[PDB]
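**Student:** What follows is structure-v2.tsv, made up of TSV, N, CA and C atoms:
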```tsv
chain	number	residue	atom	x	y	z
A	1	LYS	N	7.40	-22.46	-23.48
A	1	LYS	CA	7.63	-21.03	-23.51
A	1	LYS	C	9.14	-20.79	-23.42
A	2	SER	N	9.56	-19.52	-23.38
A	2	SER	CA	10.95	-19.12	-23.30
A	2	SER	C	10.98	-17.64	-22.91
A	3	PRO	N	12.13	-17.08	-22.49
A	3	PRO	CA	12.24	-15.67	-22.12
A	3	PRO	C	11.63	-14.75	-23.17
A	4	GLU	N	11.80	-15.08	-24.46
A	4	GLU	CA	11.26	-14.31	-25.57
A	4	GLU	C	9.75	-14.08	-25.39
A	5	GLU	N	9.02	-15.09	-24.91
A	5	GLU	CA	7.59	-14.98	-24.71
A	5	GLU	C	7.32	-13.94	-23.63
A	6	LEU	N	8.04	-14.06	-22.51
A	6	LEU	CA	7.89	-13.15	-21.39
A	6	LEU	C	8.25	-11.73	-21.84
A	7	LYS	N	9.25	-11.62	-22.71
A	7	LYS	CA	9.68	-10.36	-23.29
A	7	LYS	C	8.55	-9.79	-24.15
A	8	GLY	N	7.91	-10.63	-24.96
A	8	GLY	CA	6.80	-10.23	-25.82
A	8	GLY	C	5.67	-9.70	-24.95
A	9	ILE	N	5.31	-10.45	-23.91
A	9	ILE	CA	4.26	-10.11	-22.96
A	9	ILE	C	4.60	-8.79	-22.24
A	10	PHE	N	5.83	-8.65	-21.75
A	10	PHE	CA	6.30	-7.42	-21.12
A	10	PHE	C	6.07	-6.27	-22.10
A	11	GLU	N	6.58	-6.43	-23.32
A	11	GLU	CA	6.47	-5.44	-24.39
A	11	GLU	C	5.01	-5.11	-24.66
A	12	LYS	N	4.15	-6.13	-24.70
A	12	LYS	CA	2.72	-6.00	-24.96
A	12	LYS	C	2.14	-4.90	-24.08
A	13	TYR	N	2.39	-4.93	-22.77
A	13	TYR	CA	1.87	-3.87	-21.92
A	13	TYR	C	2.77	-2.65	-22.00
A	14	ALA	N	4.11	-2.77	-21.99
A	14	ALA	CA	4.97	-1.59	-22.08
A	14	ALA	C	4.58	-0.67	-23.24
A	15	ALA	N	4.14	-1.24	-24.36
A	15	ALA	CA	3.73	-0.51	-25.55
A	15	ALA	C	2.56	0.46	-25.33
A	16	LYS	N	1.79	0.34	-24.24
A	16	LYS	CA	0.64	1.21	-24.02
A	16	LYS	C	1.08	2.66	-23.78
A	17	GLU	N	1.90	2.91	-22.76
A	17	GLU	CA	2.37	4.24	-22.40
A	17	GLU	C	3.81	4.18	-21.90
A	18	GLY	N	4.55	5.26	-22.12
A	18	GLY	CA	5.92	5.41	-21.67
A	18	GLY	C	6.94	4.52	-22.39
A	19	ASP	N	6.75	4.31	-23.69
A	19	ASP	CA	7.64	3.57	-24.59
A	19	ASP	C	7.66	2.05	-24.34
A	20	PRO	N	7.62	1.21	-25.40
A	20	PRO	CA	7.64	-0.24	-25.29
A	20	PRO	C	8.80	-0.85	-24.49
A	21	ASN	N	9.81	-0.07	-24.10
A	21	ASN	CA	10.91	-0.56	-23.29
A	21	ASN	C	10.56	-0.54	-21.80
A	22	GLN	N	9.58	0.28	-21.36
A	22	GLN	CA	9.23	0.38	-19.94
A	22	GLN	C	7.77	0.07	-19.61
A	23	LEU	N	7.56	-0.48	-18.41
A	23	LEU	CA	6.27	-0.78	-17.81
A	23	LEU	C	5.94	0.30	-16.79
A	24	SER	N	4.97	1.17	-17.05
A	24	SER	CA	4.60	2.17	-16.07
A	24	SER	C	3.95	1.47	-14.87
A	25	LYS	N	4.00	2.09	-13.69
A	25	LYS	CA	3.40	1.53	-12.48
A	25	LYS	C	1.97	1.04	-12.75
A	26	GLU	N	1.16	1.95	-13.27
A	26	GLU	CA	-0.22	1.66	-13.64
A	26	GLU	C	-0.31	0.56	-14.72
A	27	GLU	N	0.72	0.41	-15.56
A	27	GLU	CA	0.76	-0.54	-16.66
A	27	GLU	C	1.05	-1.96	-16.14
A	28	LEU	N	2.03	-2.07	-15.24
A	28	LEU	CA	2.40	-3.32	-14.59
A	28	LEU	C	1.15	-3.95	-13.99
A	29	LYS	N	0.30	-3.15	-13.34
A	29	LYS	CA	-0.93	-3.63	-12.73
A	29	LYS	C	-1.72	-4.48	-13.73
A	30	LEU	N	-2.22	-3.87	-14.80
A	30	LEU	CA	-2.94	-4.55	-15.86
A	30	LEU	C	-2.17	-5.78	-16.37
A	31	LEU	N	-0.86	-5.65	-16.60
A	31	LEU	CA	-0.04	-6.77	-17.07
A	31	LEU	C	-0.16	-7.94	-16.11
A	32	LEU	N	0.31	-7.76	-14.88
A	32	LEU	CA	0.30	-8.80	-13.86
A	32	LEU	C	-1.09	-9.38	-13.70
A	33	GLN	N	-2.10	-8.52	-13.73
A	33	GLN	CA	-3.48	-8.93	-13.54
A	33	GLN	C	-3.94	-9.87	-14.65
A	34	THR	N	-3.54	-9.61	-15.89
A	34	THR	CA	-3.95	-10.46	-17.00
A	34	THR	C	-3.09	-11.73	-17.07
A	35	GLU	N	-1.77	-11.55	-16.98
A	35	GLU	CA	-0.78	-12.59	-17.20
A	35	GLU	C	-0.42	-13.47	-16.01
A	36	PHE	N	-0.31	-12.92	-14.80
A	36	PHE	CA	0.15	-13.68	-13.65
A	36	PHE	C	-0.73	-13.59	-12.40
A	37	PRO	N	-2.06	-13.50	-12.48
A	37	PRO	CA	-2.89	-13.33	-11.29
A	37	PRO	C	-2.63	-14.43	-10.26
A	38	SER	N	-2.62	-15.69	-10.70
A	38	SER	CA	-2.35	-16.84	-9.86
A	38	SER	C	-0.85	-17.01	-9.62
A	39	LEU	N	-0.05	-16.86	-10.68
A	39	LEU	CA	1.38	-17.06	-10.70
A	39	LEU	C	2.11	-16.15	-9.73
A	40	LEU	N	1.55	-14.98	-9.41
A	40	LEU	CA	2.17	-14.12	-8.41
A	40	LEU	C	2.29	-14.84	-7.06
A	41	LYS	N	1.44	-15.84	-6.79
A	41	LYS	CA	1.42	-16.63	-5.56
A	41	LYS	C	1.61	-15.75	-4.32
A	42	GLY	N	0.92	-14.61	-4.31
A	42	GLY	CA	0.96	-13.60	-3.27
A	42	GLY	C	0.36	-12.33	-3.85
A	43	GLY	N	0.54	-11.19	-3.19
A	43	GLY	CA	0.01	-9.92	-3.63
A	43	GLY	C	0.40	-8.91	-2.56
A	44	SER	N	0.37	-7.62	-2.88
A	44	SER	CA	0.73	-6.56	-1.97
A	44	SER	C	0.32	-5.24	-2.62
A	45	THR	N	0.55	-4.12	-1.93
A	45	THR	CA	0.20	-2.80	-2.43
A	45	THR	C	1.03	-2.48	-3.68
A	46	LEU	N	0.37	-1.90	-4.69
A	46	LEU	CA	0.95	-1.54	-5.98
A	46	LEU	C	2.30	-0.87	-5.82
A	47	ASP	N	2.35	0.18	-5.01
A	47	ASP	CA	3.56	0.94	-4.76
A	47	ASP	C	4.65	0.02	-4.23
A	48	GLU	N	4.41	-0.66	-3.12
A	48	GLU	CA	5.39	-1.57	-2.53
A	48	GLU	C	5.90	-2.57	-3.57
A	49	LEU	N	4.98	-3.20	-4.30
A	49	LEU	CA	5.27	-4.20	-5.30
A	49	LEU	C	6.14	-3.63	-6.43
A	50	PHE	N	5.63	-2.62	-7.13
A	50	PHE	CA	6.33	-1.97	-8.21
A	50	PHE	C	7.65	-1.43	-7.68
A	51	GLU	N	7.69	-0.92	-6.44
A	51	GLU	CA	8.93	-0.40	-5.89
A	51	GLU	C	9.94	-1.53	-5.70
A	52	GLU	N	9.51	-2.68	-5.17
A	52	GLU	CA	10.40	-3.83	-5.01
A	52	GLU	C	10.97	-4.16	-6.38
A	53	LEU	N	10.08	-4.21	-7.37
A	53	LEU	CA	10.38	-4.53	-8.75
A	53	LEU	C	11.29	-3.49	-9.42
A	54	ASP	N	11.11	-2.21	-9.10
A	54	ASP	CA	11.84	-1.08	-9.66
A	54	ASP	C	13.29	-1.06	-9.17
A	55	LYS	N	14.13	-1.94	-9.72
A	55	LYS	CA	15.55	-1.98	-9.38
A	55	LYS	C	16.19	-0.62	-9.67
A	56	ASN	N	15.87	-0.04	-10.83
A	56	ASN	CA	16.35	1.26	-11.27
A	56	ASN	C	15.50	1.73	-12.44
A	57	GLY	N	14.23	1.97	-12.16
A	57	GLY	CA	13.24	2.45	-13.10
A	57	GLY	C	13.02	3.93	-12.78
A	58	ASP	N	12.54	4.18	-11.56
A	58	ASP	CA	12.33	5.49	-10.95
A	58	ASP	C	11.38	6.33	-11.79
A	59	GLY	N	10.38	5.64	-12.30
A	59	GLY	CA	9.33	6.17	-13.14
A	59	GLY	C	8.55	4.99	-13.70
A	60	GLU	N	9.27	4.01	-14.26
A	60	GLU	CA	8.66	2.84	-14.85
A	60	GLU	C	9.63	1.66	-14.75
A	61	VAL	N	9.10	0.44	-14.76
A	61	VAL	CA	9.87	-0.80	-14.73
A	61	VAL	C	10.32	-1.03	-16.18
A	62	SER	N	11.08	-2.08	-16.46
A	62	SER	CA	11.53	-2.45	-17.79
A	62	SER	C	11.78	-3.95	-17.74
A	63	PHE	N	11.90	-4.61	-18.89
A	63	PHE	CA	12.14	-6.05	-18.95
A	63	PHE	C	13.28	-6.43	-18.00
A	64	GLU	N	14.35	-5.63	-18.04
A	64	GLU	CA	15.55	-5.75	-17.22
A	64	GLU	C	15.23	-6.13	-15.77
A	65	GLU	N	14.43	-5.28	-15.13
A	65	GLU	CA	14.05	-5.37	-13.72
A	65	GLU	C	12.92	-6.37	-13.57
A	66	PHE	N	12.02	-6.40	-14.56
A	66	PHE	CA	10.90	-7.33	-14.59
A	66	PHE	C	11.36	-8.78	-14.44
A	67	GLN	N	12.63	-9.11	-14.75
A	67	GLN	CA	13.13	-10.46	-14.51
A	67	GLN	C	12.95	-10.89	-13.04
A	68	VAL	N	12.87	-9.94	-12.10
A	68	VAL	CA	12.59	-10.26	-10.71
A	68	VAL	C	11.19	-10.90	-10.65
A	69	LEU	N	10.23	-10.40	-11.43
A	69	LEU	CA	8.89	-10.94	-11.50
A	69	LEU	C	9.02	-12.35	-12.09
A	70	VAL	N	9.73	-12.47	-13.21
A	70	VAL	CA	10.00	-13.75	-13.86
A	70	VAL	C	10.55	-14.76	-12.85
A	71	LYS	N	11.37	-14.32	-11.89
A	71	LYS	CA	11.87	-15.20	-10.86
A	71	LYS	C	10.75	-15.54	-9.86
A	72	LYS	N	10.00	-14.54	-9.38
A	72	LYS	CA	8.98	-14.74	-8.39
A	72	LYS	C	7.74	-15.51	-8.87
A	73	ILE	N	7.46	-15.61	-10.17
A	73	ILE	CA	6.32	-16.41	-10.60
A	73	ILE	C	6.51	-17.88	-10.19
A	74	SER	N	7.76	-18.32	-10.06
A	74	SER	CA	8.12	-19.65	-9.60
A	74	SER	C	8.36	-19.56	-8.09
A	75	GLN	N	7.69	-18.62	-7.42
A	75	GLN	CA	7.80	-18.34	-5.99
A	75	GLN	C	6.42	-18.00	-5.44
```
Can you give me the file's structure in the form of C-alpha coordinates?
**Tutor:**
Amino acid sequence: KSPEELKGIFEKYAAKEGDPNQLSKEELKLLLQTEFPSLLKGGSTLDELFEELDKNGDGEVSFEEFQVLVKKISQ
(Lines of atoms letter the chains of each structure in order from A and count residues from 1; the text may use other names and numbers.)
(Lines give C-alpha, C1' and ligand atoms only; values in the text may rest on other atoms or scores of the structure.)
Protein backbone atom coordinates (compact mmCIF):
# COMPACT_ATOMS: atom_id res chain seq x y z
CA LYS A 1 0.00 0.00 0.00
CA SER A 2 1.01 3.70 0.06
CA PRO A 3 -0.44 7.08 1.26
CA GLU A 4 -2.31 7.27 -2.09
CA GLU A 5 -4.38 4.23 -1.03
CA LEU A 6 -5.25 5.82 2.32
CA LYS A 7 -6.07 9.01 0.39
CA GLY A 8 -8.35 7.02 -1.95
CA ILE A 9 -10.05 5.37 1.06
CA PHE A 10 -10.39 8.76 2.85
CA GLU A 11 -11.87 10.20 -0.37
CA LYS A 12 -14.16 7.15 -0.73
CA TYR A 13 -16.07 8.13 2.41
CA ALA A 14 -15.50 11.92 2.13
CA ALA A 15 -17.36 11.74 -1.23
CA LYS A 16 -20.66 10.81 0.53
CA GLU A 17 -21.47 14.21 2.13
CA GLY A 18 -19.74 17.56 2.68
CA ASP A 19 -17.42 17.41 -0.39
CA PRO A 20 -14.77 14.69 -1.20
CA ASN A 21 -12.11 16.82 0.59
CA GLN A 22 -13.75 16.38 4.06
CA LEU A 23 -14.89 13.52 6.33
CA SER A 24 -18.05 14.46 8.25
CA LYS A 25 -18.21 13.25 11.89
CA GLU A 26 -20.93 10.75 10.95
CA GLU A 27 -18.88 9.82 7.82
CA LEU A 28 -15.63 9.06 9.70
CA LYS A 29 -17.65 6.53 11.76
CA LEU A 30 -18.61 4.39 8.73
CA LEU A 31 -15.08 4.84 7.29
CA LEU A 32 -13.20 3.71 10.41
CA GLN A 33 -15.75 0.96 10.95
CA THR A 34 -15.22 -0.54 7.49
CA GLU A 35 -11.50 0.19 7.04
CA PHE A 36 -9.85 0.15 10.49
CA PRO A 37 -12.09 -1.69 13.04
CA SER A 38 -9.15 -3.76 14.33
CA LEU A 39 -6.41 -1.31 13.26
CA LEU A 40 -7.79 1.39 15.59
CA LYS A 41 -6.36 -0.85 18.40
CA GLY A 42 -8.68 1.02 20.81
CA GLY A 43 -11.98 2.95 20.61
CA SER A 44 -13.73 5.88 22.32
CA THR A 45 -16.78 8.15 21.99
CA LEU A 46 -17.37 9.49 18.43
CA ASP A 47 -17.20 13.12 19.56
CA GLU A 48 -14.00 12.69 21.61
CA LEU A 49 -12.40 10.68 18.78
CA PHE A 50 -13.41 12.93 15.87
CA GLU A 51 -12.53 15.94 18.08
CA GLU A 52 -9.03 14.56 18.77
CA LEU A 53 -8.78 13.97 15.02
CA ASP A 54 -10.24 17.42 14.12
CA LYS A 55 -6.96 19.41 14.15
CA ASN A 56 -8.80 22.22 12.31
CA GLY A 57 -11.96 20.83 10.70
CA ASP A 58 -14.61 22.39 12.99
CA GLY A 59 -17.34 20.71 11.00
CA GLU A 60 -15.57 17.83 9.24
CA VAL A 61 -12.14 16.11 9.19
CA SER A 62 -9.99 16.05 5.99
CA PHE A 63 -7.10 13.90 4.69
CA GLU A 64 -4.80 16.56 6.22
CA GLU A 65 -5.90 15.85 9.81
CA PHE A 66 -6.81 12.22 9.08
CA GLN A 67 -3.01 11.58 8.94
CA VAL A 68 -3.30 11.42 12.77
CA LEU A 69 -5.48 8.31 12.19
CA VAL A 70 -2.86 7.05 9.68
CA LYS A 71 -0.33 7.41 12.53
CA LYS A 72 -2.54 5.75 15.18
CA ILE A 73 -3.38 2.64 13.08
CA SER A 74 0.24 1.65 13.89
CA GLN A 75 -0.68 2.43 17.54
**Student:** Suppose you want the space between CA of residue 59 in chain A and CA of residue 23 in chain A; what is it in Å?
**Tutor:**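 CA of residue 23 in chain A lies 8.9 Å from CA of residue 59 in chain A.
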**Student:** Please measure the separation of atom C of residue 25 in chain A and CA of residue 46 in chain A, giving the value in Å to one decimal.
**Tutor:**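 Computing it gives 7.3 Å between the two atoms.
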**Student:** Looking only at the backbone, which of the residues in chain A does DSSP tag as strand (DSSP E or B), as a list in words?
**Tutor:**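 Strand (DSSP E or B) members of chain A, listed: residues 22, 23, 24, 60, 61 and 62 of chain A.
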**Student:** Report as AutoDock Vina command-line options the centre and the edge lengths, in Å to one decimal, of the axis-aligned box holding every listed atom of range 29-40 of chain A, padded by 6 Å on each side.
**Tutor:**
```
--center_x -0.8 --center_y -10.1 --center_z -12.1 --size_x 18.2 --size_y 25.9 --size_z 22.1
```
**Student:** Do a neighbour search on residue 37 in chain A at 12 Å with only C-alpha atoms, toss out local chain neighbours closer than 6 positions, and write the hits as a PyMOL selection string.
**Tutor:** chain A and resi 28-31+43+73
**Student:** What does the distance from atom C of residue 53 in chain A to atom C of residue 65 in chain A come to in Å, to one decimal?
**Tutor:**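 Interatomic distance, atom C of residue 53 in chain A to atom C of residue 65 in chain A: 5.3 Å.
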